[PDB]
Amino acid sequence: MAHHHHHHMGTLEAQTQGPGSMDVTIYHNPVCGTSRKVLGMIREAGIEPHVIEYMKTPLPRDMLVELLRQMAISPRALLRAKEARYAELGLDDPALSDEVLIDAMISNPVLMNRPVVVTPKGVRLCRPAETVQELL
């Protein structure tokens, strides 16, 4: 008895299709696991992303917060739940400000903006697989 009987996939519905002429460009580096996940969801959805190789270019905190805030919403409601760390630091505290929020993000690994996926329906972080999965 090594495997546990548990069903998950099956109570969901997926919808996506269309002709070629795809126009999706991704910017990141080759990394096992993650790259496989993103490639799986994309390849499965029926999209042919373009592997772009750009030299390192770390932007300032102000640029990160401005891009993350303008992207969807302020940095206050950006830290997903999976990022237990975010809540662990007490960032959820409503008595905080963008100051501490940003300073915290810039310190956490979540600041990784290297992996960026560009789609004809919008732009978002190529990783983690969660972010890309939400954008696609």
# chains A, B, ... in the order shown; residues from 1 in each chain; ligands from 1

call {"tool": "residues_around", "arguments": {"residues": "residue A:89", "least_positions_apart": "2", "cutoff": "12 Å", "atoms": "only C-alpha atoms", "output": "list in words"}}
result
residues 79, 83, 84, 85, 86, 87, 91, 92, 93, 96, 100, 101, 103, 104, 105, 107 and 108 of chain A

call {"tool": "write_last_selection", "arguments": {"atoms": "N, CA and C atoms", "output": "short mmCIF file (atom, residue, chain, number, x, y, z; two decimals), in the first residue's frame"}}
result
data_model
loop_
_atom_site.label_atom_id
_atom_site.label_comp_id
_atom_site.auth_asym_id
_atom_site.auth_seq_id
_atom_site.Cartn_x
_atom_site.Cartn_y
_atom_site.Cartn_z
N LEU A 79 -0.02 39.04 -3.34
CA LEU A 79 0.55 37.84 -2.74
C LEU A 79 -0.50 36.74 -2.62
N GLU A 83 1.60 31.43 -1.07
CA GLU A 83 2.76 32.08 -0.49
C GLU A 83 2.59 32.24 1.02
N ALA A 84 2.33 31.13 1.70
CA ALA A 84 2.15 31.14 3.15
C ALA A 84 3.07 32.17 3.81
N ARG A 85 4.30 32.25 3.31
CA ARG A 85 5.28 33.19 3.85
C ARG A 85 4.69 34.60 3.95
N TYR A 86 4.03 35.03 2.88
CA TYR A 86 3.42 36.36 2.85
C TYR A 86 2.58 36.60 4.09
N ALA A 87 1.65 35.69 4.36
CA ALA A 87 0.78 35.80 5.52
C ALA A 87 1.55 35.57 6.81
N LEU A 91 1.88 40.24 6.53
CA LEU A 91 1.63 41.21 5.47
C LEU A 91 0.14 41.46 5.30
N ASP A 92 -0.66 40.43 5.57
CA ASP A 92 -2.11 40.53 5.45
C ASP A 92 -2.66 41.64 6.35
N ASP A 93 -1.87 42.02 7.35
CA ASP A 93 -2.27 43.07 8.28
C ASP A 93 -2.76 44.31 7.53
N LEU A 96 -0.99 48.01 7.38
CA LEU A 96 0.29 48.15 6.68
C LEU A 96 0.16 49.10 5.50
N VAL A 100 6.00 48.68 3.36
CA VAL A 100 6.37 47.38 3.91
C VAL A 100 6.04 46.26 2.93
N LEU A 101 4.91 46.40 2.24
CA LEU A 101 4.48 45.40 1.27
C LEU A 101 5.54 45.19 0.19
N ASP A 103 8.79 46.35 0.15
CA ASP A 103 10.05 45.97 0.77
C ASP A 103 10.09 44.47 1.05
N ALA A 104 8.94 43.91 1.42
CA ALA A 104 8.84 42.49 1.71
C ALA A 104 8.91 41.66 0.43
N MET A 105 8.15 42.08 -0.58
CA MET A 105 8.14 41.37 -1.85
C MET A 105 9.52 41.37 -2.50
N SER A 107 12.18 41.40 -1.15
CA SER A 107 13.06 40.54 -0.37
C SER A 107 12.73 39.07 -0.62
N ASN A 108 11.45 38.78 -0.84
CA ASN A 108 11.01 37.42 -1.09
C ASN A 108 11.33 36.99 -2.52
#

call {"tool": "select_by_dssp", "arguments": {"residues": "chain A", "states": "strand (DSSP E)", "output": "list in words"}}
result
residues 24, 25, 26, 27, 49, 50, 51, 52, 116, 117, 118, 119, 122, 123, 124 and 125 of chain A

call {"tool": "residues_around", "arguments": {"residues": "residue A:75", "least_positions_apart": "6", "cutoff": "7 Å", "atoms": "only C-alpha atoms", "output": "list in words"}}
result
residues 65, 68, 69, 98, 101 and 102 of chain A

call {"tool": "write_last_selection", "arguments": {"atoms": "C-alpha atoms", "output": "PDB file, in the first residue's frame"}}
result
ATOM      1  CA  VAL A  65       5.543  47.646  -7.568  1.00  0.00           C
ATOM      2  CA  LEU A  68       2.605  44.680 -10.375  1.00  0.00           C
ATOM      3  CA  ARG A  69       0.153  47.338  -9.193  1.00  0.00           C
ATOM      4  CA  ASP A  98       2.823  49.689   0.145  1.00  0.00           C
ATOM      5  CA  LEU A 101       4.481  45.396   1.271  1.00  0.00           C
ATOM      6  CA  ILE A 102       6.990  46.219  -1.466  1.00  0.00           C
TER       7      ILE A 102
END

call {"tool": "residues_around", "arguments": {"residues": "stretch 30-43 of chain A", "least_positions_apart": "6", "cutoff": "8 Å", "atoms": "only C-alpha atoms", "output": "list in words"}}
result
residues 49, 126, 127, 128, 129, 132, 133 and 136 of chain A

call {"tool": "write_last_selection", "arguments": {"atoms": "N, CA and C atoms", "output": "PDB file, in the first residue's frame"}}
result
ATOM      1  N   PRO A  49       4.294  28.985 -28.081  1.00  0.00           N
ATOM      2  CA  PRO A  49       5.060  30.102 -27.521  1.00  0.00           C
ATOM      3  C   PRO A  49       6.455  30.211 -28.128  1.00  0.00           C
ATOM      4  N   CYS A 126       5.403  34.473 -16.576  1.00  0.00           N
ATOM      5  CA  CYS A 126       5.423  33.115 -17.106  1.00  0.00           C
ATOM      6  C   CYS A 126       5.429  32.090 -15.976  1.00  0.00           C
ATOM      7  N   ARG A 127       5.885  32.514 -14.802  1.00  0.00           N
ATOM      8  CA  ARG A 127       5.947  31.633 -13.643  1.00  0.00           C
ATOM      9  C   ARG A 127       5.531  32.372 -12.375  1.00  0.00           C
ATOM     10  N   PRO A 128       5.156  31.608 -11.339  1.00  0.00           N
ATOM     11  CA  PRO A 128       5.142  30.143 -11.401  1.00  0.00           C
ATOM     12  C   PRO A 128       4.042  29.613 -12.315  1.00  0.00           C
ATOM     13  N   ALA A 129       3.949  28.291 -12.415  1.00  0.00           N
ATOM     14  CA  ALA A 129       2.938  27.658 -13.254  1.00  0.00           C
ATOM     15  C   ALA A 129       1.542  28.164 -12.908  1.00  0.00           C
ATOM     16  N   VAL A 132       0.953  31.694 -14.752  1.00  0.00           N
ATOM     17  CA  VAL A 132       0.759  31.443 -16.175  1.00  0.00           C
ATOM     18  C   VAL A 132      -0.555  30.714 -16.431  1.00  0.00           C
ATOM     19  N   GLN A 133      -0.917  29.822 -15.516  1.00  0.00           N
ATOM     20  CA  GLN A 133      -2.152  29.056 -15.643  1.00  0.00           C
ATOM     21  C   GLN A 133      -3.370  29.964 -15.512  1.00  0.00           C
ATOM     22  N   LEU A 136      -3.499  32.208 -18.815  1.00  0.00           N
ATOM     23  CA  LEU A 136      -3.931  31.415 -19.961  1.00  0.00           C
ATOM     24  C   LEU A 136      -5.289  30.774 -19.698  1.00  0.00           C
TER      25      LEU A 136
END

call {"tool": "closest_residue", "arguments": {"among": "A:1, A:135, A:106, A:116", "to": "residue A:60", "atoms": "only C-alpha atoms"}}
result
A:106

call {"tool": "select_by_dssp", "arguments": {"residues": "chain A", "states": "helix (DSSP H, G or I)", "output": "NGL selection string"}}
result
:A and (34-45 or 61-71 or 75-77 or 84-88 or 98-107 or 109-111 or 129-135)

call {"tool": "closest_residue", "arguments": {"among": "A:18, A:10, A:120, A:90", "to": "residue A:45", "atoms": "only C-alpha atoms"}}
result
A:18

call {"tool": "closest_residue", "arguments": {"among": "A:29, A:46, A:4, A:67", "to": "residue A:17", "atoms": "only C-alpha atoms"}}
result
A:46

call {"tool": "closest_residue", "arguments": {"among": "A:48, A:7, A:53, A:70", "to": "residue A:124", "atoms": "only C-alpha atoms"}}
result
A:70

call {"tool": "closest_residue", "arguments": {"among": "A:131, A:5, A:14, A:81", "to": "residue A:115", "atoms": "only C-alpha atoms"}}
result
A:131

call {"tool": "atom_distance", "arguments": {"atom1": "atom CA of residue A:56", "atom2": "atom CA of residue A:22"}}
result
26.6 Å

call {"tool": "atom_distance", "arguments": {"atom1": "atom CA of residue A:66", "atom2": "atom CA of residue A:23"}}
result
25.9 Å

call {"tool": "atom_distance", "arguments": {"atom1": "atom CA of residue A:122", "atom2": "atom CA of residue A:97"}}
result
28.0 Å

call {"tool": "closest_residue", "arguments": {"among": "A:125, A:47, A:2, A:111", "to": "residue A:19", "atoms": "only C-alpha atoms"}}
result
A:47

call {"tool": "decode", "arguments": {"residues": "stretch 69-128 of chain A", "atoms": "C-alpha atoms", "output": "CSV table (one decimal), in the first residue's frame"}}
result
chain,number,residue,atom,x,y,z
A,69,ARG,CA,0.2,47.3,-9.2
A,70,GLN,CA,-0.7,48.5,-12.7
A,71,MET,CA,-0.8,44.9,-14.0
A,72,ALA,CA,-3.8,43.8,-11.9
A,73,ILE,CA,-4.1,45.4,-8.5
A,74,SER,CA,-1.9,46.9,-5.7
A,75,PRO,CA,0.8,44.8,-4.0
A,76,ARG,CA,-1.6,44.5,-1.0
A,77,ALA,CA,-3.8,42.0,-2.8
A,78,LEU,CA,-1.2,40.3,-5.0
A,79,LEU,CA,0.6,37.8,-2.7
A,80,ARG,CA,-1.3,34.6,-3.5
A,81,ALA,CA,-2.3,32.2,-0.7
A,82,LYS,CA,0.2,29.5,-1.7
A,83,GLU,CA,2.8,32.1,-0.5
A,84,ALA,CA,2.2,31.1,3.1
A,85,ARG,CA,5.3,33.2,3.9
A,86,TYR,CA,3.4,36.4,2.8
A,87,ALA,CA,0.8,35.8,5.5
A,88,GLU,CA,3.4,34.4,7.9
A,89,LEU,CA,5.2,37.8,7.9
A,90,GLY,CA,1.8,39.4,8.8
A,91,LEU,CA,1.6,41.2,5.5
A,92,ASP,CA,-2.1,40.5,5.4
A,93,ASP,CA,-2.3,43.1,8.3
A,94,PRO,CA,-4.6,45.9,7.1
A,95,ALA,CA,-2.5,48.3,9.2
A,96,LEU,CA,0.3,48.1,6.7
A,97,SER,CA,1.3,50.1,3.6
A,98,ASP,CA,2.8,49.7,0.1
A,99,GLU,CA,6.1,50.6,1.8
A,100,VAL,CA,6.4,47.4,3.9
A,101,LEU,CA,4.5,45.4,1.3
A,102,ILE,CA,7.0,46.2,-1.5
A,103,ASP,CA,10.1,46.0,0.8
A,104,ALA,CA,8.8,42.5,1.7
A,105,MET,CA,8.1,41.4,-1.9
A,106,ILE,CA,11.5,42.7,-3.1
A,107,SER,CA,13.1,40.5,-0.4
A,108,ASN,CA,11.0,37.4,-1.1
A,109,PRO,CA,11.7,35.1,-4.1
A,110,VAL,CA,8.2,36.0,-5.4
A,111,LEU,CA,9.9,39.1,-6.8
A,112,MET,CA,11.3,36.8,-9.6
A,113,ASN,CA,10.0,38.7,-12.7
A,114,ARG,CA,12.5,37.1,-15.0
A,115,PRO,CA,10.0,34.6,-16.4
A,116,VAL,CA,7.5,36.8,-18.4
A,117,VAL,CA,4.8,35.4,-20.8
A,118,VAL,CA,3.3,37.7,-23.4
A,119,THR,CA,0.0,36.7,-25.0
A,120,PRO,CA,-2.3,38.3,-27.6
A,121,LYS,CA,-5.0,38.5,-24.9
A,122,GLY,CA,-2.7,40.0,-22.2
A,123,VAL,CA,0.7,39.9,-20.5
A,124,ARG,CA,1.7,38.2,-17.2
A,125,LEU,CA,4.5,36.4,-15.4
A,126,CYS,CA,5.4,33.1,-17.1
A,127,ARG,CA,5.9,31.6,-13.6
A,128,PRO,CA,5.1,30.1,-11.4
